[PDB]
Every structure is written in structure tokens, then in C-alpha cells.
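Engineer:
Residue numbers (the authors' numbering), protein chains in the order written: chain B, 11 to 236; chain A, 11 to 236.
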């Protein structure tokens, strides 16, 4: 009815800071999370630019091992298993289910789009208890390229039988919203902890912005009556 | 005469840790450098994937402001000017000039290729006293795309009048070497402190790998007669 809302999963719906204890233990410093995460995103975009594809979790593991090496911190097979456990089981932010309920009440169709590879059941969203809010769960698999590559958004729009104008990408990552907006979608930014929007000339700013998912849901619903 | 070696400049030749005091002052923690830098690279590649371009130093200032906001750290115009000054005046590692001397004396042609926009003279390489080793100094600015986009390497080979088989990309980041190797060039990785190589199944390994510039030069020179 009101449009289609496409949500980034990792960091946006599900809380990345749940990984902090792994970094605290391995590195003696939970802040190394903020080093490792942009390196993972960087390498995913690098493979994409160079015409290579490996599943996101494989890149996550390799980047963890590299960051460990960069800090000279010891890493075991058990640590890599733990990384997998945590990365695939990040809990939902507690503002999410409430916000999605109201967006659903307002007639918005809700979809997920993730860099993560299609997962066997139960998925991260199923574990977090929020999967059934969404009519589709899409990933970069069919594109074999990572965000913000144009093929990801175009294939998503194609799969959903939707025009770019009907779509809004929702994320706490400005790189994800820019990717979608470059393809003529709208963008909605949600400002999670340690995530503020990048501001740079010539770079489209989000259409909607909220300090949390509740606030974002508010202005998305409000935009219907304006 | 023995091949052309193309060097990444930032981090590889010139020492990024010279920026630590600015991070120590603004964030109360010099280690925030290791968060800001991959964010900068991430965003450079995100712009490239979405068909946008701003000079590297401008992206650097925007990411500094974003990372500062993510830490609730105050930023002033002085801080931003100091970032530009330091980013354009990093000193050469002590192992660089001896290695370039050995490489040049062994017959290699030497070139640089950087994400950084061209400046008036003196360039950072000129300031650091090592520009004279190189026969050409190239940047991504004319491509309006950042590494590792194929346009950057391809245009570089074109400008030099060289075939991929004649070229070797030398960097302390696997993303740069991957970029060049995808275009048929050779790759040489030189470790720096806190820069070790990513290893990922499928992804081609560098042709040469050194723990420092001297060891990398050992391998490059050894390859001439093996």
C-alpha cells in the first residue's frame, strides 16, 4: 500500500555490539570491534570491485584473522567458531519489533536485504524473533556482489516487482542508503550507537532520519499524512 | 629494464602513524586512527561503486567528523586543517630509501600510484625526500574512481605504455594488490606494523611477500635470475 520498506539486517535491526565480549577477550579491548567491522565492509566492496565473490561470513573470518595478526593476538579454531555463533545470532534492538508492528499497521510492506549469505533455518532474524514481520528475506546471493553495488538494489527491485520510486532502504550505514538512493530508491537512516551519518558534498543525504527505529517509523508514517 | 614497480604511497612508503598525536588529542586515544582509516577506505570504495567522486582528503575530513561524532568528540576547524597538514606530510619509513636504491640499482623502473589527489609541489613524496627515485607519479584523480577499481590500474598501464605482465603493484594492503592482480599485474605485499596480509580461499596470493621493504626487495631482486 504505502510503499516497500527494505531493511538492512546486521547492525540496523540486530545489535553488532553483542560481539564486544569476543573482542574484549581476544584483543583485551572491545573497541577492536570498530576496527574489524569497517575492514570487513571494505574487503567485501574490494572483492566486488575486483570481480570476486566469497560469502560474507568467510570474509568476516578472514578479516578477524588479519586484525588478530595486526594486533599479534592469538586466535584459535574455537574463536572462529564463536565469531560465527555471535555474528549469526545478534539480538534485535528492543525498539525494532514495536516499530515494525506500527509500520505494518500503517500499511507498509516490509522486506529485508543483507550482505549475509542465505542461511539454513533458523536464520539470525528467526533467532532474534523478528523474521515473521517481513514478507521476503533477500540477500546479495543472486547478485554475487556486495552492497553498495548497483546490481544488488536493481535485482532486489526486480524480485519485488517494484519501481525504484516504491522502495525505501533503511539502514544505520550511510554507505547502504547511498547505494539505494543512487538507484532512485528513497533512503531512511536510523542512528544507532556509534553510527552517525556521513556528510559530504555531492553525496545524497537520507530522505528520512531518526535517532532510533521508533522515531524513524514515526516520520515514515507521518509522511503519509503530510 | 627489469619490470616496472608501482608503489602505493600512503601507509606503504609514508608512515600513517605520524597522525597518532592528532587522534590522541581529539579522541583521547591514538588507536582511533585504526578505526578512522578503514572507514575512509570503505567510503572511497563506496563512492566508486555508486558513481560518485570527491578528492580523497575531502572524504578523509568527512570521515574524521563522522568518527568524531560517533565518539561524541568535539572537532574544530583547527583539527580539520591539522588533519590535512598531517595527511599531506607523512614521513618515509626508514627502510624505504635503502630498498628503492637497491631496486633501482638492480634495474627496476619505479612509479607511484596513490588515492590522494595531486597537490602543488612539493608533493608528500617530495617533502619526505624520496620523490627522486620515481620516474612517474600517478593518482586516481583523472579516473575519478578509487582503488581497487579496474579503471585505475588500466589507465596507469596505459599512461606508462606498459603491459600488465611488465607491472608489479607494491602495497601493505591486500586490497590494493588484489586490484592490480585482477588486471594481470603481479603483486608484492610489504608488511608494515599493524598491516599484515589478508588470506582468503580463492583470492590470488601476492607474488612476492616481505616482512619489510628490504625483504620484499630481496625477493624482487631474486626473481630476476631464479
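We put the beta carbon where it would ideally sit given N, CA and C, even for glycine.
Can you look up residue 202 (chain A) in the DSSP assignment and give me helix, strand or coil?
Structural biologist: Of the three classes helix, strand and coil, the one that applies to residue 202 (chain A) here is strand, per DSSP.
Engineer: Could you list which residues in chain B have their beta carbon closer than 8 Å to that of residue 185 (chain A), in chain order?
Structural biologist: In chain order: 52, 53, 56.
Engineer: Verify the CB distance criterion: does residue 205 (chain A) have a CB-CB separation below 8 Å to chain B?
Structural biologist: Yes - at least one Cβ of chain B is within 8 Å of the one on residue 205 (chain A).
Engineer: So, helix, strand or coil for residue 146 (chain B), using DSSP?
Structural biologist: Of the three classes helix, strand and coil, the one that applies to residue 146 (chain B) here is strand, per DSSP.
Engineer: Helix, strand or coil for residue 20 (chain B) per DSSP?
Structural biologist: Note: residue 20 (chain B) maps to strand in three-state DSSP.
Engineer: Report the residue ranges of all beta strand (DSSP E) runs contained in full by the stretch 93 to 152 of chain A; include only those spanning at least 3 residues, in chain order.
Structural biologist: Runs of the beta strand (DSSP E) inside the stretch 93 to 152 of chain A: 119 to 124, 146 to 149.
Engineer: Residue ranges of each alpha helix (DSSP H) run of no fewer than 4 residues wholly in the stretch 150 to 186 of chain B, ordered along the chain?
Structural biologist: Segments of the alpha helix (DSSP H) lying fully in the stretch 150 to 186 of chain B: 160 to 169.
Engineer: Run through chain A and tell me which residues come within less than 9 Å of residue 94 (chain B), C-beta to C-beta.
Structural biologist: Near residue 94 (chain B) there are no residues of chain A at all, since even the closest Cβ is about 16 Å away, more than 9 Å.
Engineer: Leaving aside the five residues before and after residue 209 (chain B) along the sequence, list all residues of the same chain whose C-beta is less than 8 Å from its C-beta, in chain order.
Structural biologist: If we look at residue 209 (chain B) and ignore the five residues flanking it on each side, its Cβ neighbours are 215.
Engineer: Out of A:204, A:161, A:41, state which residue places its alpha-carbon closest to the alpha-carbon of residue 22 (chain A).
Structural biologist: Taking only the C-alpha atoms, the option nearest residue 22 (chain A) is A:204.
Engineer: Cβ closer than 8 Å: which chain B residues qualify as neighbours of residue 27 (chain A)?
Structural biologist: The premise fails here: residue 27 (chain A) is roughly 13 Å from chain B at the closest Cβ pair, so nothing lies under 8 Å.
Engineer: Taking only runs that begin and end inside the stretch 15 to 68 of chain B, name each unbroken alpha helix (DSSP H) of 4 or more residues, in chain order.
Structural biologist: Entirely contained in the stretch 15 to 68 of chain B, the alpha helix (DSSP H) runs reaching 4 residues are, in chain order, 30 to 37, 43 to 59.
Engineer: Where does the unbroken alpha helix (DSSP H) through residue 224 (chain A) begin, and where does it stop?
Structural biologist: Residues 223 to 232.
Engineer: Have a look at the DSSP bridge pairing and note the partners of residue 220 (chain B).
Structural biologist: According to DSSP, residue 220 (chain B) bridges with B:200.
Engineer: Assuming contact is defined by CB atoms lying nearer than 8 Å, are residue 76 (chain A) and residue 26 (chain A) in contact in what I supplied?
Structural biologist: No; because the gap between Cβ atoms is not below 8 Å, this pair is not in contact.
Engineer: Anyone know if the C-beta pair for residue 6 (chain B) and residue 231 (chain B) falls short of 8 Å?
Structural biologist: An answer regarding residue 6 (chain B) cannot be provided, because it is not within the stretch 11 to 236 covered by chain B.
Engineer: So, is the C-beta of residue 166 (chain B) closer than 8 Å to a C-beta in chain A?
Structural biologist: Not an interface residue.
Engineer: Considering only their Cβ atoms, is the gap separating residue 177 (chain B) from residue 196 (chain B) smaller than 8 Å?
Structural biologist: For residue 196 (chain B) and residue 177 (chain B), yes; Cβs fall inside 8 Å.
Engineer: Leaving out five residues on either side along the sequence, give the residues of the same chain with a beta carbon under 6 Å from the beta carbon of residue 109 (chain B).
Structural biologist: Excluding residues within five positions, the ones whose Cβ falls inside 6 Å are 223, 224, 227.
Engineer: Would you kindly work out how many angstroms separate the C-alpha atoms of residue 153 (chain A) and residue 143 (chain A), rounded to a whole number?
Structural biologist: The straight-line gap from Cα to Cα measures roughly 24 Å.
Engineer: To be precise: take each residue of the stretch 146 to 176 of chain A, compare its Cβ to all Cβ atoms of chain B, and keep it if any distance is under 7 Å. Which residues remain?
Structural biologist: Hits within the stretch, in order: 158, 159.
Engineer: Does the Cβ-Cβ distance between residue 74 (chain B) and residue 51 (chain B) come in under 8 Å?
Structural biologist: No; because the gap between Cβ atoms is not below 8 Å, this pair is not in contact.
Engineer: I need the straight-line Cα distance from residue 119 (chain A) to residue 145 (chain A), nearest angstrom please.
Structural biologist: Using only the alpha carbons, I get a separation of about 7 Å.
Engineer: Using a Cβ-Cβ cutoff of less than 8 Å, which residues in the same chain neighbour residue 165 (chain B) once the five nearest sequence positions on both sides are dropped?
Structural biologist: Only 152, 153 meet the Cβ criterion.
Engineer: So residue 183 (chain B) and residue 150 (chain B) are supposed to be a Cβ contact under 8 Å. How far apart are they, rounded?
Structural biologist: Residue 183 (chain B) to residue 150 (chain B), Cβ: 14 Å. No contact.
Engineer: Report yes or no: do three or more beta-carbon pairs, one from the stretch 185 to 196 of chain A and one from the stretch 58 to 66 of chain B, lie closer than 8 Å?
Structural biologist: The stretch 185 to 196 of chain A vs the stretch 58 to 66 of chain B: in contact.
Engineer: What's the call for residue 234 (chain A), buried or exposed, on a 16-neighbour Cβ count within 10 Å?
Structural biologist: Burial call: exposed.
Engineer: Using a Cβ cut-off of 8 Å (strictly closer), state whether residue 91 (chain A) contacts chain B.
Structural biologist: It does not; no Cβ of chain B falls within 8 Å.
Engineer: Compare the C-beta of residue 181 (chain A) with all C-beta atoms of chain B and state if any pair is closer than 8 Å.
Structural biologist: Chain B contact via Cβ: absent.
Engineer: What residues in its chain sit with their C-beta under 8 Å from that of residue 30 (chain B), if we drop five residues either side in the sequence?
Structural biologist: Counting only Cβ-Cβ distances below 8 Å, and skipping sequence neighbours, we find 40, 43.
Engineer: For a test of the three-state rule: what should DSSP assign to residue 75 (chain A), helix, strand or coil?
Structural biologist: Of the three classes helix, strand and coil, the one that applies to residue 75 (chain A) here is helix, per DSSP.
Engineer: Once DSSP output is grouped into helix, strand and coil, what is the label at residue 82 (chain A)?
Structural biologist: Here residue 82 (chain A) sits in coil by DSSP.
Engineer: Please report the distance separating the alpha-carbon of residue 147 (chain A) from that of residue 121 (chain A).
Structural biologist: Residue 147 (chain A) and residue 121 (chain A): Cα-Cα distance of roughly 6 Å.
Engineer: Just checking: is the beta-carbon of residue 224 (chain A) within a distance shorter than 8 Å of some beta-carbon in chain B?
Structural biologist: Not closer than 8 Å to any Cβ of chain B, the Cβ of residue 224 (chain A) fails to qualify, so no.
Engineer: Comparing C-alpha positions only, which one of A:202, A:229, A:114, A:12 sits nearest to residue 105 (chain A)?
Structural biologist: When each option's Cα is compared against that of residue 105 (chain A), the closest is A:202.
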